[PDB]
Every structure is written in structure tokens, then in C-alpha cells.
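All remarks here apply to the structure that follows.
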Number of protein chains: 2
Amino acid sequence: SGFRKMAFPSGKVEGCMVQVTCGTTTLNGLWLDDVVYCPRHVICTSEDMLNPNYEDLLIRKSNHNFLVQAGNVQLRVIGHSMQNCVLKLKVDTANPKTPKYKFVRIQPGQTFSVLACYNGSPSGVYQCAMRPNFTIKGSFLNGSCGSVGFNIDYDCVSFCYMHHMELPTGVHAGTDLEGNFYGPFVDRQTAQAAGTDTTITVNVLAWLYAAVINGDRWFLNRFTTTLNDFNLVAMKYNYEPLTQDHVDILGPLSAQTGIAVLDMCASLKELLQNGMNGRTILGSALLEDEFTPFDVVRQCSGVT
Amino acid sequence: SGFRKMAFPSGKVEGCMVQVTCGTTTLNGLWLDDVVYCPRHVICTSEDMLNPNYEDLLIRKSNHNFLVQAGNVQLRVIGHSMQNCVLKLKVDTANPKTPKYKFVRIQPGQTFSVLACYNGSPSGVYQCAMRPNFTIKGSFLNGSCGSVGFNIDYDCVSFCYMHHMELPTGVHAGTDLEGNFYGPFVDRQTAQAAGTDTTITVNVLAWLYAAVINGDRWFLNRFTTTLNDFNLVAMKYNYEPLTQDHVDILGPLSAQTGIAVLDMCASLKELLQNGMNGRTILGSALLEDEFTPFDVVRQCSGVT
Ligand SMILES: Cc1ccncc1NC(=O)[C@H](C)CC1CC1
Ligand SMILES: Cc1ccncc1NC(=O)[C@H](C)CC1CC1
């Protein structure tokens, strides 16, 4: 029992972190096989960042200008190329610590672990959700660019995020490992609108199931609702509309606890309309949305 | 910017996890040098757990009865001994992945990362505090015993906790790496009183400083207080009394933000007396106490 905001074990990812320097800028790279992946803004100087012409900036760079250091050993760069907003530095040595891996583009509302790094060295690991508006509320300081997000299924690391930018609002934006930004963001030091965010409804319901499994039951009520009635409340409270696909994914949790998904929706409706009344659920005084139904099942069963 | 409940990178600890089996019980062990450390209750059966006679139970065991498996390779046990509530299984091979390490006994209120494991395999990592009452509010299921807590200072892992038990209340109890329980707990399946817990005041103040650094400032007020006046409020709200030693440890944060520690205490006093009024601080709707002043400084400066 107990339910925590658990991140994946970061070991397999730690072994891939490297430091990439170009000119006076240093950030993190991800060394997988004989390729080092990093944010392309490593080639920029302060004057460039307001509106960089990345193609022109990269043309002034040669393989020997990219300084790639793994721990304390230097990697020899034998190729460079830009793919969207990432640079791929081909190196003469395959990373001996390359785990089984995939590059995946996650959907908004999905969760992942971030291994925050500075100068190619890991500082910490935390779990977060990709917001419905494609931002992440992380913990990143200057130098953390190139830190990655990932999920792990037994021995396979699915890399889903690479950190690129902090918006003027203090929220974070980044790309998949092919360098495609999540959301409308561009890698420029310009004010950029992040869409209206919403609370991830299926995740809040999943976390309410986790709460019941672990003993926090005070919010269970004698009511039920419908998808239509619930979505009218979700609309008012800026929650994502619940679909049958979300109900279907909550199936295992509904089966385990014996609480029908629409009955849990009626508990969520009452909590939205009345608040917590100074009470807590799983040590939180708000409705938590950073646990997917898969996360809840995994944590509640002890999947390794 | 941004502030997250960050755990240490778990890589160095993942390389030490092993599976220990004795009879029909399997749990986790920590392999450091040529020694495997694990909870002594691995030698118990269901009939024993109400009041085990560990000395007698261990006498019936020989080196060949302890099955130690690292990933998929079997370790040869050449010695066994019980030290307090841990067993130390001497093996014929030193762990090639043994990091630089220390065994430390942490103080209540201090924080650490837990690498939850099952069958010697890591499932996740989370950060937590040792409660003032010496329990931890973790996430542990049957099979997680032997999972460890730790801190990391550059290349040195300080192991501070080994998981042993879940109290009937769903809170967790364990030992230091010499097998001494934190708190009054005994390794028996018996109802055991955990002391009255309190909120870690110095940590809440540290987190309020983290909030100001990251932009959440709505709780700053035009008031000040004294240690005596603040401790009268701390008493009423079951907060640990603040001492000058706590004020001294908050020094770096008071220096950085320019907010005198007693002025931050007056903000905390107002929050305790009036609540959040439906507002949040660093994404939390309650006063967070799982960040020490050292954790805040580290996260806010990007220490690796
Ligand atoms: C400063 C910082 C703190 C946290 N995370 C990231 C950063 N870096 C940036 O946002 C730079 C300006 C991105 C570049 C325009 C492409
Ligand atoms: C079941 C479980 C779930 C989470 N964490 C730990 C456990 N195990 C125990 O509490 C056993 C009974 C301890 C033994 C008496 C010494």
C-alpha cells in the first residue's frame, strides 16, 4: 500500500547522457548506438536566439566544432546533421551502455520520467505528464536542455521527450527524438502562446481508483452520472471531456474495485462542485492528474 | 525554473539490487562489495511472523539455503550473519558495479530517494522524507522488502534506509543498513504504535523559499513574527518547533531571496491560521514538507 509519484529507474538513461559543447554553449546530448542527439540551439549565441537561422548557423560548424564528452572521455564526431529541431552527431564509437530503445511520440495526457541533467551529468529524476496543451511543468534551469523524458517497458526505453525551452511563463517545451516540437512551439527566444490547458480527466479518475485501492474512500458517494452529464461539469471546470475510450482504459481499475466508471465520475463531479472541504486524497489537497490508468495498474501491482 | 519532487538518479543503486530467497520467501538484497544485505525476515514463514525467534530460525539455515540472484546470475554464499534486523550474506564475488558508498543513519525530517524493487528488479524511484515519528509514507507492496533509501553526493551513495514492514495503518517502517529500526518498530506482524507525527517546519519554510524563487509569491505578507510567537502557532498546528539551528540552515535561502527567516515564518503562520483560500503553491494545495533546505538549494542551483 501507499501511492507515490514514481519515476522509472533512470539507470539505463544515465548511461546515455553526454555533454555537448559548440562554441560557448554547453548542454546535454543522448548517446544511443553511434549517434548523439541534442537540441539544435547548441549552435546559437545570445544574439542568435531571438530568431536563429539554424541552417545558416549550422553551415558555419564542422564536425570538430561539436565537443562531445561522455563522463570524462571524448567522443570523435564523424558526421552532423539537423533533423527538425535536433542535431544528430554521428560518432566513431557506439555507446557500450546503449539500452534497448525506441523513439516514441507520446500523446498529451500521457506521463513520463525526466532525467534532469547539467553538463552531461544527471541531477535528478521526476515523473510528469505531457499537458493537454503540449507543455510540461518540469524543473529545468539553464544547462538542462537536452535532458530527456522516457518510459520503460521491462528492458526497453521509449524516449519520448527532449527538453529545449522554458517559455516566459516558466512552463517547459521540447521535442520528440526526431526533433519535432510538442505543441506550437518554435526554438526561439520569443513570447509564445501555450494553448488553454485542461485537467486530464481520465488520469484524475485513475488516481481516484488508486485512492480507493489504498484506503482513501471518503469521496465515494451514493450517486451516479452519465458521460453527457459528467462532460457538462468537466466543461465548466476545464477538464478534458471523457470518452468511451477513456472509460475502456479505466476497465481494469473498475473491475478490481467494483466501482463502475460512471459512479467514480459522480464522485469526481461532487469533488469538482464542492471541493475537498479541507480533506486530502493520497496526501494531496487537489485533484491529481499525473497518473495514467496504466501507471496506477503498474504501481498497484508492482510491475518491474 | 519549476520545482519538482525530484529523486536522485537511481543508476548506482540499480546495479546493487539482487533477489534473495530463503525457503519460500523472496525479497530484495543490496549487493555491495562481497556482501549482500537484506531484511532478516526473509528467513520467516507465515507461522513465524507473529513473533519470530530470529536466532532460532537462522540456526536452521545454512549458506546454501540463501539463494542470491543478480539479474540472472547466481551468487555463491560463503557466509551469513545477522546484525540487528538485517542479514549479511558474504558472497564469493565482489559486485563489479559497487559504487562509492557509505551507510548513514538519517535524522527524522531528512529526505531520501527510494528505489522500489520486486524480485531484485527495480520498478520505480521516488523521493520521500523520514517522518518526525520515524515512519515513511512510501509505496511498497509485498515483495518490496529490502528496497533501499539513499542520498547521493556526486559519486558517493549514502544508503540510509532498508524497507522492512508495512504497519497496519499503511505507513512504512525500516532500518538503517546496520539493521537498526528507525523508531520503536520491531520486525513482527503485530499492531505497533507509530508516535504522533508532526509537520517538518524547516522543510515547509524551505519549500516556501523555493516557491518565492520560482514566482509563487501570493503568500508573502507585511508581517513578521518571533521564534516564540511562531512556535505557539506551530504547537497548535502540530508543526515541529523551529530552532535557531533550523533558522541557520535556512540562511542561504534567506540570503538569496532577501526574505528574513522570521518574515517567512510570519507568512507560514498566516497560511496555517487562514489556509490557502483555494490557492496553490508550486502546484500543491497543502504545505509541503518533503524538501529540506539542502534539497531546495540543490534543485534551485542544478547540482549534479
Ligand atoms: C534558460 C532555460 C531554462 C530552462 N530550460 C530551458 C532554458 N533555455 C531556453 O529556453 C533557451 C533560451 C531556448 C532557446 C530558444 C531555443
Ligand atoms: C506485506 C508488505 C507490504 C509492504 N511492505 C512490507 C510488507 N511486509 C511486511 O510488513 C512483513 C509482514 C514484515 C515482517 C514482520 C517483519
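As shown in the C-alpha cells, the chain order sets the letters A, B, ...; within each chain, residues go from 1, and ligands are also counted from 1 in the order they appear.
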- Task: Within 9 Å of chain B, which residues of chain A are there when counting only C-alpha atoms? Please give them as a ChimeraX atom specification.
- Result: /A:1-15,115-119,121-127,137-144,166,170-172,214-215,275,278,280,283-286,298-304
- Query: Looking only at the backbone, which of the residues in stretch 1-242 of chain B does DSSP tag as strand (DSSP E), as a ChimeraX atom specification?
  - Reply: /B:17-22,25-32,35-39,66-70,73-75,77-83,86-91,100-103,111-118,121-129,148-153,156-166,172-175
Chain A near ligand 1 within 10 Å: what's each residue's closest atom pair and its distance in Å to one decimal, counting only C-alpha atoms and all ligand atoms, ordered by chain then ascending residue number, as a tab-separated table?
```
residue	atom	partner	partner_atom_place_in_ligand_line	distance
A:27	CA	ligand 1	8 (N)	9.7
A:39	CA	ligand 1	16 (C)	8.3
A:40	CA	ligand 1	16 (C)	8.2
A:41	CA	ligand 1	16 (C)	5.4
A:42	CA	ligand 1	14 (C)	8.5
A:44	CA	ligand 1	14 (C)	8.2
A:45	CA	ligand 1	14 (C)	9.7
A:46	CA	ligand 1	12 (C)	8.6
A:48	CA	ligand 1	15 (C)	8.9
A:49	CA	ligand 1	15 (C)	5.3
A:50	CA	ligand 1	15 (C)	7.2
A:51	CA	ligand 1	15 (C)	8.3
A:52	CA	ligand 1	15 (C)	8.3
A:85	CA	ligand 1	16 (C)	9.2
A:138	CA	ligand 1	5 (N)	9.0
A:139	CA	ligand 1	4 (C)	7.7
A:140	CA	ligand 1	4 (C)	4.5
A:141	CA	ligand 1	4 (C)	4.1
A:142	CA	ligand 1	3 (C)	4.0
A:143	CA	ligand 1	2 (C)	6.9
A:144	CA	ligand 1	5 (N)	6.0
A:145	CA	ligand 1	6 (C)	5.6
A:146	CA	ligand 1	6 (C)	9.2
A:147	CA	ligand 1	5 (N)	9.6
A:163	CA	ligand 1	5 (N)	7.1
A:164	CA	ligand 1	13 (C)	5.7
A:165	CA	ligand 1	10 (O)	3.3
A:166	CA	ligand 1	10 (O)	3.9
A:167	CA	ligand 1	10 (O)	6.3
A:168	CA	ligand 1	10 (O)	8.4
A:170	CA	ligand 1	4 (C)	8.1
A:171	CA	ligand 1	5 (N)	8.7
A:172	CA	ligand 1	5 (N)	6.6
A:173	CA	ligand 1	5 (N)	8.2
A:174	CA	ligand 1	6 (C)	9.1
A:185	CA	ligand 1	16 (C)	9.7
A:186	CA	ligand 1	16 (C)	7.4
A:187	CA	ligand 1	16 (C)	3.8
A:188	CA	ligand 1	15 (C)	3.7
A:189	CA	ligand 1	15 (C)	4.4
A:190	CA	ligand 1	15 (C)	7.6
```
Pull N, CA and C atoms from the residues just selected and write them as a short mmCIF file (atom, residue, chain, number, x, y, z; two decimals), in the first residue's frame.
```
data_model
loop_
_atom_site.label_atom_id
_atom_site.label_comp_id
_atom_site.auth_asym_id
_atom_site.auth_seq_id
_atom_site.Cartn_x
_atom_site.Cartn_y
_atom_site.Cartn_z
N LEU A 27 25.31 21.94 -23.39
CA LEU A 27 24.06 21.34 -22.99
C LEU A 27 24.19 19.80 -23.00
N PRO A 39 19.60 19.25 -28.65
CA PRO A 39 18.85 20.36 -29.22
C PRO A 39 19.74 21.16 -30.16
N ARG A 40 19.20 21.52 -31.32
CA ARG A 40 19.98 22.25 -32.30
C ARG A 40 20.39 23.63 -31.83
N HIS A 41 19.70 24.20 -30.81
CA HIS A 41 20.08 25.54 -30.33
C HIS A 41 21.45 25.55 -29.64
N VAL A 42 22.13 24.39 -29.51
CA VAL A 42 23.51 24.36 -29.00
C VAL A 42 24.44 25.20 -29.93
N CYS A 44 23.75 28.11 -31.26
CA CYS A 44 23.41 29.52 -31.18
C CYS A 44 24.21 30.29 -30.17
N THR A 45 24.37 31.58 -30.41
CA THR A 45 24.94 32.51 -29.44
C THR A 45 23.77 33.42 -28.96
N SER A 46 23.99 34.23 -27.92
CA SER A 46 22.94 35.13 -27.41
C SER A 46 22.28 36.01 -28.48
N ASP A 48 21.80 35.29 -31.59
CA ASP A 48 21.03 34.45 -32.49
C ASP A 48 19.68 34.05 -31.99
N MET A 49 19.54 33.82 -30.69
CA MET A 49 18.35 33.24 -30.09
C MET A 49 17.02 33.95 -30.30
N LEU A 50 17.00 35.26 -30.60
CA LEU A 50 15.72 35.95 -30.84
C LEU A 50 15.03 35.42 -32.10
N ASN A 51 15.83 35.09 -33.13
CA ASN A 51 15.31 34.47 -34.35
C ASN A 51 16.47 33.80 -35.09
N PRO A 52 16.91 32.63 -34.61
CA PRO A 52 18.05 31.97 -35.27
C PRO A 52 17.75 31.43 -36.66
N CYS A 85 14.29 20.09 -35.03
CA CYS A 85 15.00 20.89 -34.04
C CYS A 85 16.09 20.14 -33.29
N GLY A 138 7.98 21.16 -15.65
CA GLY A 138 9.15 20.46 -15.12
C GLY A 138 9.97 21.29 -14.17
N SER A 139 11.22 20.91 -14.02
CA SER A 139 12.16 21.64 -13.19
C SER A 139 13.43 21.67 -14.03
N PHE A 140 13.65 22.79 -14.70
CA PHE A 140 14.77 22.90 -15.62
C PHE A 140 15.39 24.24 -15.46
N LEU A 141 16.70 24.28 -15.34
CA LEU A 141 17.43 25.53 -15.29
C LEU A 141 18.28 25.61 -16.55
N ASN A 142 18.96 26.76 -16.79
CA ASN A 142 19.86 26.88 -17.94
C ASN A 142 20.94 25.78 -17.85
N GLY A 143 21.16 25.10 -18.96
CA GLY A 143 22.08 23.98 -19.00
C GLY A 143 21.35 22.64 -19.04
N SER A 144 20.06 22.61 -18.66
CA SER A 144 19.29 21.35 -18.67
C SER A 144 18.80 20.93 -20.05
N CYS A 145 18.94 21.79 -21.07
CA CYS A 145 18.50 21.43 -22.43
C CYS A 145 19.18 20.16 -22.90
N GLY A 146 18.42 19.31 -23.56
CA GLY A 146 18.93 18.02 -23.96
C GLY A 146 18.60 16.94 -22.96
N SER A 147 18.10 17.30 -21.75
CA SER A 147 17.63 16.29 -20.79
C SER A 147 16.41 15.61 -21.42
N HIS A 163 14.27 18.07 -23.77
CA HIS A 163 13.99 19.42 -23.32
C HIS A 163 14.68 20.45 -24.17
N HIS A 164 13.94 21.49 -24.61
CA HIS A 164 14.55 22.56 -25.39
C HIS A 164 14.39 23.93 -24.79
N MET A 165 13.23 24.23 -24.18
CA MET A 165 12.96 25.62 -23.86
C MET A 165 12.08 25.87 -22.67
N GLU A 166 12.28 27.03 -22.07
CA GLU A 166 11.44 27.48 -21.00
C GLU A 166 10.70 28.68 -21.55
N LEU A 167 9.38 28.62 -21.54
CA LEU A 167 8.55 29.71 -22.01
C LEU A 167 8.58 30.84 -20.98
N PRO A 168 8.28 32.09 -21.39
CA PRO A 168 8.30 33.20 -20.42
C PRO A 168 7.43 33.00 -19.18
N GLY A 170 7.38 30.18 -17.46
CA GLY A 170 8.03 29.22 -16.57
C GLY A 170 7.64 27.77 -16.81
N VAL A 171 6.85 27.50 -17.86
CA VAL A 171 6.50 26.13 -18.27
C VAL A 171 7.47 25.70 -19.38
N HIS A 172 7.55 24.40 -19.64
CA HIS A 172 8.59 23.86 -20.49
C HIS A 172 8.09 23.28 -21.81
N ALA A 173 8.93 23.38 -22.83
CA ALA A 173 8.62 22.90 -24.16
C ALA A 173 9.80 22.16 -24.72
N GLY A 174 9.49 21.14 -25.48
CA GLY A 174 10.51 20.29 -26.05
C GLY A 174 9.98 19.49 -27.21
N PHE A 185 5.20 25.24 -30.42
CA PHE A 185 6.43 25.95 -30.08
C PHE A 185 7.52 25.90 -31.12
N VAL A 186 8.29 26.99 -31.18
CA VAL A 186 9.47 27.15 -32.02
C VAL A 186 10.67 27.40 -31.11
N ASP A 187 11.86 26.95 -31.52
CA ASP A 187 13.05 27.14 -30.70
C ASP A 187 13.63 28.54 -30.90
N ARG A 188 12.92 29.53 -30.38
CA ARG A 188 13.32 30.93 -30.45
C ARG A 188 12.98 31.57 -29.14
N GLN A 189 13.79 32.54 -28.73
CA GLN A 189 13.61 33.31 -27.51
C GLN A 189 12.62 34.39 -27.87
N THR A 190 11.37 33.97 -27.95
CA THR A 190 10.25 34.84 -28.27
C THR A 190 9.07 34.42 -27.38
#
```
- Query: Of the candidates A:246, A:88, A:279, A:222, which one gets nearest to residue A:259 if we count only C-alpha atoms?
  - Reply: A:222
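Between atom CA of residue A:209 and atom CA of residue A:253 the separation is 6.3 Å.
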- Who sits within 8 Å of residue A:90, only C-alpha atoms, same chain under 3 positions skipped, as a PyMOL selection string: chain A and resi 34-36+77-80
- Task: With a distance cut-off of 9 Å and only C-alpha atoms, select the neighbouring residues of residue A:241, excluding the residue or stretch itself and same-chain residues fewer than 5 positions from it, and output the selection as a count of residues only.
- Result: 9
Spatial neighbours of residue A:247, 12 Å, only C-alpha atoms, chain gap at least 2 places, as a PDB file with N, CA, C and O atoms, in the first residue's frame:
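The resulting file, out_28.pdb, is shown below:
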```
ATOM      1  N   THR A 201      -8.774  14.381 -17.314  1.00  0.00           N
ATOM      2  CA  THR A 201      -9.867  13.676 -16.637  1.00  0.00           C
ATOM      3  C   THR A 201      -9.637  12.200 -16.405  1.00  0.00           C
ATOM      4  O   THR A 201      -9.827  11.744 -15.271  1.00  0.00           O
ATOM      5  N   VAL A 202      -9.216  11.443 -17.439  1.00  0.00           N
ATOM      6  CA  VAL A 202      -9.010  10.008 -17.286  1.00  0.00           C
ATOM      7  C   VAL A 202      -7.973   9.711 -16.199  1.00  0.00           C
ATOM      8  O   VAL A 202      -8.113   8.735 -15.476  1.00  0.00           O
ATOM      9  N   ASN A 203      -6.949  10.570 -16.089  1.00  0.00           N
ATOM     10  CA  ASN A 203      -5.901  10.458 -15.063  1.00  0.00           C
ATOM     11  C   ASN A 203      -6.395  10.743 -13.682  1.00  0.00           C
ATOM     12  O   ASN A 203      -6.049  10.012 -12.743  1.00  0.00           O
ATOM     13  N   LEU A 205      -9.499  10.296 -12.660  1.00  0.00           N
ATOM     14  CA  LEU A 205     -10.307   9.111 -12.342  1.00  0.00           C
ATOM     15  C   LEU A 205      -9.412   7.948 -11.981  1.00  0.00           C
ATOM     16  O   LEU A 205      -9.666   7.277 -10.978  1.00  0.00           O
ATOM     17  N   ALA A 206      -8.284   7.787 -12.706  1.00  0.00           N
ATOM     18  CA  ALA A 206      -7.360   6.690 -12.415  1.00  0.00           C
ATOM     19  C   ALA A 206      -6.789   6.823 -11.004  1.00  0.00           C
ATOM     20  O   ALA A 206      -6.774   5.847 -10.262  1.00  0.00           O
ATOM     21  N   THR A 226     -23.886  10.263 -16.059  1.00  0.00           N
ATOM     22  CA  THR A 226     -23.767   9.791 -17.421  1.00  0.00           C
ATOM     23  C   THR A 226     -22.562  10.491 -18.031  1.00  0.00           C
ATOM     24  O   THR A 226     -22.145  11.534 -17.519  1.00  0.00           O
ATOM     25  N   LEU A 227     -22.050  10.010 -19.180  1.00  0.00           N
ATOM     26  CA  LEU A 227     -20.954  10.706 -19.863  1.00  0.00           C
ATOM     27  C   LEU A 227     -21.360  12.117 -20.232  1.00  0.00           C
ATOM     28  O   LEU A 227     -20.563  13.028 -20.081  1.00  0.00           O
ATOM     29  N   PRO A 241     -13.046  16.420 -21.870  1.00  0.00           N
ATOM     30  CA  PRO A 241     -14.234  15.563 -21.966  1.00  0.00           C
ATOM     31  C   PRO A 241     -13.840  14.085 -21.909  1.00  0.00           C
ATOM     32  O   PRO A 241     -12.825  13.684 -22.460  1.00  0.00           O
ATOM     33  N   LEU A 242     -14.607  13.314 -21.183  1.00  0.00           N
ATOM     34  CA  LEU A 242     -14.399  11.895 -21.047  1.00  0.00           C
ATOM     35  C   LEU A 242     -15.070  11.201 -22.212  1.00  0.00           C
ATOM     36  O   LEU A 242     -16.218  11.498 -22.551  1.00  0.00           O
ATOM     37  N   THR A 243     -14.361  10.255 -22.811  1.00  0.00           N
ATOM     38  CA  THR A 243     -14.911   9.479 -23.924  1.00  0.00           C
ATOM     39  C   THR A 243     -15.049   8.018 -23.491  1.00  0.00           C
ATOM     40  O   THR A 243     -14.451   7.619 -22.479  1.00  0.00           O
ATOM     41  N   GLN A 244     -15.727   7.193 -24.302  1.00  0.00           N
ATOM     42  CA  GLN A 244     -15.800   5.759 -24.034  1.00  0.00           C
ATOM     43  C   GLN A 244     -14.392   5.146 -24.092  1.00  0.00           C
ATOM     44  O   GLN A 244     -14.131   4.227 -23.336  1.00  0.00           O
ATOM     45  N   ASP A 245     -13.467   5.681 -24.912  1.00  0.00           N
ATOM     46  CA  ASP A 245     -12.097   5.157 -24.959  1.00  0.00           C
ATOM     47  C   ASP A 245     -11.429   5.303 -23.570  1.00  0.00           C
ATOM     48  O   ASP A 245     -10.789   4.359 -23.100  1.00  0.00           O
ATOM     49  N   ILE A 249     -10.276   2.288 -20.959  1.00  0.00           N
ATOM     50  CA  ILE A 249      -8.947   2.184 -20.356  1.00  0.00           C
ATOM     51  C   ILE A 249      -9.020   2.087 -18.839  1.00  0.00           C
ATOM     52  O   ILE A 249      -8.119   1.523 -18.223  1.00  0.00           O
ATOM     53  N   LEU A 250     -10.087   2.632 -18.230  1.00  0.00           N
ATOM     54  CA  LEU A 250     -10.295   2.514 -16.788  1.00  0.00           C
ATOM     55  C   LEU A 250     -10.907   1.154 -16.379  1.00  0.00           C
ATOM     56  O   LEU A 250     -11.027   0.878 -15.184  1.00  0.00           O
ATOM     57  N   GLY A 251     -11.259   0.322 -17.354  1.00  0.00           N
ATOM     58  CA  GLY A 251     -11.822  -1.009 -17.148  1.00  0.00           C
ATOM     59  C   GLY A 251     -11.143  -1.848 -16.091  1.00  0.00           C
ATOM     60  O   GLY A 251     -11.803  -2.277 -15.151  1.00  0.00           O
ATOM     61  N   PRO A 252      -9.826  -2.079 -16.175  1.00  0.00           N
ATOM     62  CA  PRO A 252      -9.156  -2.883 -15.138  1.00  0.00           C
ATOM     63  C   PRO A 252      -9.356  -2.359 -13.723  1.00  0.00           C
ATOM     64  O   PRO A 252      -9.585  -3.143 -12.797  1.00  0.00           O
ATOM     65  N   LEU A 253      -9.330  -1.030 -13.557  1.00  0.00           N
ATOM     66  CA  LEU A 253      -9.498  -0.426 -12.242  1.00  0.00           C
ATOM     67  C   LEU A 253     -10.927  -0.523 -11.776  1.00  0.00           C
ATOM     68  O   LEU A 253     -11.174  -0.832 -10.616  1.00  0.00           O
ATOM     69  N   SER A 254     -11.886  -0.351 -12.696  1.00  0.00           N
ATOM     70  CA  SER A 254     -13.289  -0.523 -12.354  1.00  0.00           C
ATOM     71  C   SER A 254     -13.533  -2.003 -11.953  1.00  0.00           C
ATOM     72  O   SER A 254     -14.283  -2.266 -11.026  1.00  0.00           O
ATOM     73  N   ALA A 255     -12.883  -2.954 -12.643  1.00  0.00           N
ATOM     74  CA  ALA A 255     -13.060  -4.381 -12.367  1.00  0.00           C
ATOM     75  C   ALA A 255     -12.489  -4.739 -10.999  1.00  0.00           C
ATOM     76  O   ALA A 255     -13.182  -5.354 -10.198  1.00  0.00           O
ATOM     77  N   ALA A 260     -18.117   1.147 -10.660  1.00  0.00           N
ATOM     78  CA  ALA A 260     -18.385   1.448 -12.059  1.00  0.00           C
ATOM     79  C   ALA A 260     -17.793   2.806 -12.433  1.00  0.00           C
ATOM     80  O   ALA A 260     -17.770   3.713 -11.589  1.00  0.00           O
ATOM     81  N   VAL A 261     -17.224   2.922 -13.625  1.00  0.00           N
ATOM     82  CA  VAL A 261     -16.555   4.168 -14.055  1.00  0.00           C
ATOM     83  C   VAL A 261     -17.460   5.393 -13.921  1.00  0.00           C
ATOM     84  O   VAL A 261     -17.009   6.429 -13.434  1.00  0.00           O
ATOM     85  N   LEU A 262     -18.756   5.250 -14.274  1.00  0.00           N
ATOM     86  CA  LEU A 262     -19.675   6.376 -14.141  1.00  0.00           C
ATOM     87  C   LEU A 262     -19.978   6.716 -12.682  1.00  0.00           C
ATOM     88  O   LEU A 262     -20.200   7.892 -12.371  1.00  0.00           O
ATOM     89  N   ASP A 263     -19.890   5.735 -11.769  1.00  0.00           N
ATOM     90  CA  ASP A 263     -20.020   6.022 -10.339  1.00  0.00           C
ATOM     91  C   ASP A 263     -18.799   6.801  -9.886  1.00  0.00           C
ATOM     92  O   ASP A 263     -18.945   7.748  -9.119  1.00  0.00           O
ATOM     93  N   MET A 264     -17.583   6.425 -10.352  1.00  0.00           N
ATOM     94  CA  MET A 264     -16.397   7.225  -9.997  1.00  0.00           C
ATOM     95  C   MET A 264     -16.505   8.640 -10.586  1.00  0.00           C
ATOM     96  O   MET A 264     -16.133   9.613  -9.934  1.00  0.00           O
ATOM     97  N   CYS A 265     -17.098   8.777 -11.781  1.00  0.00           N
ATOM     98  CA  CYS A 265     -17.339  10.084 -12.385  1.00  0.00           C
ATOM     99  C   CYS A 265     -18.246  10.932 -11.494  1.00  0.00           C
ATOM    100  O   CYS A 265     -18.025  12.131 -11.404  1.00  0.00           O
ATOM    101  N   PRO A 293      -4.146   5.621 -16.147  1.00  0.00           N
ATOM    102  CA  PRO A 293      -4.674   4.337 -15.664  1.00  0.00           C
ATOM    103  C   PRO A 293      -3.608   3.234 -15.723  1.00  0.00           C
ATOM    104  O   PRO A 293      -3.544   2.436 -14.816  1.00  0.00           O
TER     105      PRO A 293
END
```
- Message: Taking 3 positions as the minimum chain separation for residues in the same chain, which residues sit within 7 Å of residue B:180 when counting only C-alpha atoms? Answer as a PyMOL selection string.
- Response: chain B and resi 84-85+175-176
Write a file of the selected residues as a CSV table (one decimal), in the first residue's frame, keeping N, CA, C and O atoms.
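Final output, again-v4.csv:
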```
chain,number,residue,atom,x,y,z
B,84,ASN,N,21.5,-7.0,14.1
B,84,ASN,CA,20.3,-6.4,14.3
B,84,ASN,C,19.1,-7.0,13.5
B,84,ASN,O,19.0,-8.2,13.5
B,85,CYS,N,18.4,-6.2,12.7
B,85,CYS,CA,17.3,-6.8,11.8
B,85,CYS,C,17.7,-7.1,10.4
B,85,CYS,O,16.9,-7.3,9.5
B,175,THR,N,14.9,0.0,8.5
B,175,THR,CA,16.1,0.1,9.3
B,175,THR,C,17.2,0.9,8.6
B,175,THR,O,17.1,1.2,7.4
B,176,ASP,N,18.2,1.3,9.3
B,176,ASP,CA,19.4,1.8,8.7
B,176,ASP,C,20.1,0.5,8.1
B,176,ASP,O,19.6,-0.6,8.3
```
- With only C-alpha atoms as the basis for distance, which of B:106, B:212, B:75, B:43 is at the shortest distance from residue B:24? B:43
